[PDB]
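Data first, discussion second: the structure below is written as structure tokens.
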Amino acid sequence: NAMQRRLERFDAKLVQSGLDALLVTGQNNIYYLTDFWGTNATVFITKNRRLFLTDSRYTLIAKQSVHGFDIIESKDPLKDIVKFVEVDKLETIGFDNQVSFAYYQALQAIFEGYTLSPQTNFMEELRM
């Protein structure tokens, strides 16, 4: 119930920011919203879902530790997120602007046809 309103702040911030979704990379950020600490999770939150994406190794760990999150076994998490975006018909995907430009180039390829929206410190307030 305590984390439940970091997750509810998150939702409100999505509305305020004009985003259908936010891709969250960074263990710190992932730790904040999930209580899972580790270096191979991706999070993808929309107005309606919360996805936690990891490999076959951390699925049980994560499947037990992480609450409020639909856990997805995945070895290409951006490929798996793309299905969601399509099925849910989302348009604007936020990402953290501290990603590298090379990483942004990978997002432009994977998400070609959608609007990528760079975010400044979105997670920063939530982390406060």
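Only the coordinates and a few stated rules stand behind these numbers; no lab work does. Every residue, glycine as well, gets a Cβ built from its backbone with ideal geometry; the counts of neighbours run over all protein chains shown.
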Antiparallel %, DSSP beta bridges [both residues in the chain], to 5:
45
Take the Cβ-Cβ distance between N48 and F101 as r, set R0 to 41 Å, and report the resulting FRET efficiency rounded to the nearest 0.05.
0.85
Taking amide H atoms as placed 1.01 Å from N in the peptide plane, list the residues 5 or more away in sequence, or in a different chain, whose amide H sits under 5 Å from that of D55.
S74
Amide H contacts of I45 (H built 1.01 Å from N, under 5 Å, at least 5 apart or other chain):
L22, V24, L51
Binned at 5 Å starting from 0, the alpha-carbon pair-distance distribution of the chain in whole percents comes out as 2, 10, 22, 25, 22, 14, 4, 0
Relative packing of peptides 6-14, 108-116 - highest average C-beta neighbours within 10 Å first
6-14, 108-116
